[PDB]
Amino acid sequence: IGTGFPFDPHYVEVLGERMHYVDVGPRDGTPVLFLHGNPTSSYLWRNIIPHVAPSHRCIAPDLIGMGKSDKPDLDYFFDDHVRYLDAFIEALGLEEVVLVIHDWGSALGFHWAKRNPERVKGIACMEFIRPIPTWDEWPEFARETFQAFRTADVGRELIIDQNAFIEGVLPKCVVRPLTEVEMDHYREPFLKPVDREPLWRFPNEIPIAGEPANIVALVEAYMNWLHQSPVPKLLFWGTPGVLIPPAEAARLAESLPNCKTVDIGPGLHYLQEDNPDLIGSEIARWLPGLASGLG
């Protein structure tokens, strides 16, 4: 698995801040928009993009406050990310797009799709954000850790002071061992502890057991849309997984219209680090069928 990031940097000014993004492949045609989550960046898609670039334009932005994008003094609530991504998409003048999303990138993607259904040609997703009814449904090996992340004071000490999301969660959620260089790529954006704010707000935004109410409502809303939408969907899942265990993927294969599922083998949360080749090749084979004749 490649550890390099052979993509030229591209920047665009959005809401008074500069956002970094990968932009490769053809200059025209339907763009494939890759959205990462916590605590990653476009680096997460480095080994998947090469499978798609030969046939489609690939755009992979670093969310505000992450990767190589600027890091303004925000509280980084989900809403801040929504505003910046909305502006990012309009800044690049994107019309219709195909979404490839993960984790908080999936919450952003699904939310954008719900609000702009006529502009979403297809959605490839994996380990995405959905309402978690109870802590019972959160994987045991990571249960107390996320409960701690959402506990006053304790959570910030772990994530901000100790950088536990980068040093602990990330590596512990890839089946194969991440190498030193890969970890250093992920560590780079957060060498200043204060910049770890988004890494802490994210876990506190996850809809678990009905909290936080505002995010729960927003997520329930896009899931309601997703279940009723005829848009082509491609869901990658692994075993045992985290947010989308095998049993959940099997349920979604039925409850999500026009849905195709792909078993990537062993995987926890950052599936892209365990089987990027299958994810990339399957997306590439899936894209052509999203078209409806010449146009």
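Start at 1 with the first residue shown and count on from there.
Between 151-159 and 98-106, which has the higher average C-alpha B-factor in the PDB entry?
Of 98-106 and 151-159, the stretch with the higher C-alpha B-factor average is 151-159.
Of 225-233 and 32-40, the stretch whose C-alpha atoms average the higher B-factor in the entry:
Here the higher of the two C-alpha B-factor means belongs to 225-233.
Among 111, 201, 187, 119, which residue carries the highest C-alpha B-factor recorded in the PDB entry?
So the option with the highest C-alpha B-factor is 119.
Taking only the Cα B-factors deposited for this chain, tell me whether residue 75 sits in the lowest, middle or highest third.
Its C-alpha B-factor belongs to the highest third of this chain's values.
Taking the values exactly as deposited, rank residue 259 by C-alpha B-factor within its chain and report the matching third: lowest, middle or highest.
Answer is highest: the recorded C-alpha B-factor places it there.
Test of reading the entry: by CA B factor among the chain's modelled residues, which third contains residue 129?
It falls in the bottom third of the chain.
Looking at the temperature factor on the CA atom of residue 284, which third of the chain's modelled residues does it land in?
For residue 284, the deposited C-alpha B-factor lands in the middle third.
By its CA B factor, does residue 57 count among the lowest, middle or highest third of the modelled residues in the chain?
Ranked within chain, residue 57 CA B lands in the middle tercile.
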